[PDB]
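Before any comments, here is the structure.
Every read-out reported here was derived from the displayed coordinates using simple, explicitly stated rules and does not represent laboratory data. For neighbour counting, all protein chains shown are included, and Cβ atoms are generated from backbone atoms with ideal geometry for every residue, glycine included.
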Amino acid sequence: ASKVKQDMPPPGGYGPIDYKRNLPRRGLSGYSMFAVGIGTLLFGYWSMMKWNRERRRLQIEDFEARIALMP
Amino acid sequence: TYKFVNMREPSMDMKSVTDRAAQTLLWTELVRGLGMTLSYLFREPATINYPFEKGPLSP
């Protein structure tokens, strides 16, 4: 006298299954990104300004060495 | 019973306009796709070592 055994869902039911789209925001604001970009640009401009002025002075020194050696 | 897939209107406030301009100029969604591929790069692949490993079968 064996009872019926068959593939059935568990008593109660199965757990919920997600189906809706899940695309989070995961980002900053436009103002923040623009601000960081401009800040990086300004820092780079300042550094290159100092470096290029120093390079101009070094080139002047090299040219003076050449001038002293020319005669 | 039906839903619309492409019937949404963008917000026209200054903050939303600036966010969309930042997306256009700085390529945010492209970096999002790059992040998805980078995430997949660090997962374990689904490949099996055939013929030393076999795919599952049934009676």
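Quick notes on this one:
- Any hit, the range A:5-20, residues being farther than 23 Å from B:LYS15 by Cα and among the basic types (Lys, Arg): yes
- When the range A:29-43 is filtered for residues that are within 13 Å of chain B (Cβ to nearest Cβ) and in a helix (DSSP H, G or I), the ones remaining, listed by number, are A:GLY30, A:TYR31, A:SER32, A:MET33, A:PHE34, A:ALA35, A:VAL36, A:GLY37, A:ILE38, A:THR40.
- For the range B:26-36, the condition of being among the small types (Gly, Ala, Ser), outside any loop (DSSP other than H, G, I, E, B), within 13 Å of chain A (Cβ to nearest Cβ) and surrounded by 10 or more Cβ atoms within 10 Å (Cβ to Cβ) holds for at least one residue.
- Of note, A:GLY39 does not satisfy the criterion of being touching a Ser or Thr at 6+ places or on another chain (Cβ under 7 Å) and within 20 Å of B:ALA22 (Cβ to Cβ).
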